[PDB]
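Asker: Questions regarding the structure given below will be posed in turn.
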Amino acid sequence: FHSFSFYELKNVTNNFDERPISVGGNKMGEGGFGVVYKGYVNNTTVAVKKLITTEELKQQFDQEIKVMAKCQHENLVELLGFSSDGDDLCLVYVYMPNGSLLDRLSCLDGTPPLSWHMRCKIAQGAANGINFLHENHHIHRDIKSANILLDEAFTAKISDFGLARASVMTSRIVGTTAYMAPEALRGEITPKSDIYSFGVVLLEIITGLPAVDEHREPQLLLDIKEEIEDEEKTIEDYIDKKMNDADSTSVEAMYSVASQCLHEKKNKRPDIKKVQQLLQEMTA
Ligand SMILES: CN1CCC(n2cc(Nc3nc(OC4(C)CC4)c4nc(C(=O)N(C)C)ccc4n3)cn2)CC1
């Protein structure tokens, strides 16, 4: 990866302009651990991350780099470089022109709704990236639709490997609570927890609803699994109304994958290879 001096990056981001790209600045969004800025290096668009002590933020910055060097795939975000300025820490990525799946499902900034067809392809691409990580003995630990980015062709790219671990218990439980498996919430580190998170993501893809909404019933999207199983509601009642091309058969087939992924018992969940196989059969 390219080593940037902090000055190189400050200049390409209009002095790290915290104003949104809609107003004229360079801010595109925010993550865990930093604001993301639009940068331009040699007429190529790049994404820049400017990053709880100084010695603790270093091992979390080194993580994204450690994992991103070992893991390169068509469905993983590509790291282009970094900036080692001691205190100031920056990560540079290939800019995803279509941002996150989260933003594209909510139609943020007026983007049109994703079709069922586009959704199915994104689900498959997201599963392929998780499969590559699991084959390379890595647990993502933060699978969610804000961590699924879309390129120039809406190819799904898993991102954010700051919490990714190699191959177990931990005292420091980290992740996104509305996507987390009961055992991950208990401290277990397992690739099976990632499958569960992916199941929440498949429900987001079918429903177009966020994983958690305080002004909703039920507030957690994974709870709809119980409403359907308890025949209080149907999957037809929950399909995203912002589509014109969804068919009952493939919608039921993706719901069945999500339902299996969301089993409360980690060992009763399918592995990613089975998830990939099942999503492939949905479009065959
Ligand atoms: C209406 N238009 C307006 C433009 C918009 N747009 C394009 C982007 N590009 C984009 N965004 C990223 O992060 C976001 C989603 C939080 C901003 C991002 N993150 C990483 C990454 O891996 N990180 C940091 C860990 C890598 C590449 C990235 N590329 C954002 N918004 C699409 C819709």
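The numbers used for chain A are those of Swiss-Prot, and the residues that appear cover 165-215, 221-336, 343-459, in sequence.
So this one's X-ray crystallography, 2.3 Å, going by the header.
Even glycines carry a Cβ here, placed using N, Cα and C.
According to Swiss-Prot, the protein has these features:
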- 192-200, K213, 313-316, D329: ATP binding site (BINDING)
- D311: active site, proton acceptor (ACT_SITE)
- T345: phosphothreonine (MOD_RES)
- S346: phosphoserine (MOD_RES)
Asker: Around the C-beta of the residue listed as 'phosphothreonine', how many further C-beta atoms are within 10 angstroms, looking at every protein chain?
Answerer: 13
Asker: Cα-Cα, whole number of Å: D311 (active site, proton acceptor) versus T345 (phosphothreonine)?
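Answerer: It is 15 Å, counting Cα to Cα.
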Asker: Which number gives the other C-beta atoms within 10 angstroms of the C-beta of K313 (ATP binding site), all protein chains shown included?
Answerer: 22
Asker: Measure from the Cβ of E194 (ATP binding site) and count the other Cβ atoms within 10 Å, all protein chains considered.
Answerer: 10
Asker: Find the Cα-to-Cα distance between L215 and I221 in angstrom, rounding to a whole number; note that the 5 residues connecting them are absent from the deposited model.
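Answerer: Flanking Cα atoms, separation 11 Å.
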Asker: At the Cα level, what's the spacing in Å between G198 (ATP binding site) and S346 (phosphoserine), rounded?
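Answerer: About 24 Å separates the two Cα atoms.
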Asker: Near ligand 1, which of the recorded positions show up if the criterion is a Cβ under 6 Å from one of its atoms? Options: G198, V200, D311, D329.
Answerer: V200, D329
Asker: Which residues does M192 (ATP binding site) neighbour through Cβ under 8 Å, counting only same-chain ones at least six apart?
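Answerer: Once residues fewer than 6 apart are set aside, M192 (ATP binding site) is near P184, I185, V200, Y201, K202, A211, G268.
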Asker: If one looks at the chain holding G196 (ATP binding site), which residues at least 6 apart in sequence have a CB under 8 angstroms from its CB?
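Answerer: Counting only residues 6 or more apart in sequence, the Cβ neighbours of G196 (ATP binding site) under 8 Å are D311, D329, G331.
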